[PDB]
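Participant: Residue numbers (the authors' numbering): 22 to 142. Quick reminder that beta carbons are idealized off the backbone N, C-alpha and C, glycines included. Here it is, the structure, as structure tokens.
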């Protein structure tokens with residue numbers, strides 16, 4: 022149907038905008054602390070602690086499969102990155118501090134992304 026195509030074009034345009042958002046969020050992590058999943062070889066207990074692990078590579082795979090239907094779903098995943106890290110790691114650690122910084126810096130990007138998604142439809 023033509024409707025299905027129009028819907029698909031919207032999904033594709035959302036995917037384009039989320040890719041740019043993702044790039045901007047990931048620039049706020051210059052140490053690459055959140056680049057890749059936490060290694061179960063190097064943190065064998067990790068899944069006892071964290072039930073839904075997340076990282077920027079895993080978000081990028083979902084993105085390119087057009088697997089985010091709306092900004093809210095994408096934000097959920099971004100928040101998992103931050104929130105997982107802040108539970109597993111103590112306050113006095115480079116990891117926790119990196120999450121706080123990513124959260125604070127990402128908020129700005131996400132604030133305008135919401136406006137753009139609402140605005141452009």
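Mind checking whether residue 84 and residue 36 have CB atoms under 8 Å apart?
Facilitator: Against a cut-off of 8 Å, the Cβ pair of residue 36 and residue 84 comes out as a contact.
Participant: Please classify residue 127 as buried or exposed, where buried requires at least 16 other C-beta atoms within 10 Å of its C-beta.
Facilitator: Buried, by the Cβ-count rule.
Participant: I need the boundaries of the alpha helix (DSSP H) containing residue 66, first residue and last residue.
Facilitator: That residue, residue 66, is in no alpha helix (DSSP H); it is neither H nor E in DSSP.
Participant: Buried or exposed: which applies to residue 86, given that a residue is buried once 16 or more other Cβ atoms fall within 10 Å of its Cβ?
Facilitator: Exposed is the call here.
Participant: Following the continuous alpha helix (DSSP H) through residue 78, name the residue where it begins and the one where it ends.
Facilitator: Taken as a continuous stretch (DSSP letters only), the alpha helix (DSSP H) holding residue 78 covers 77-85.
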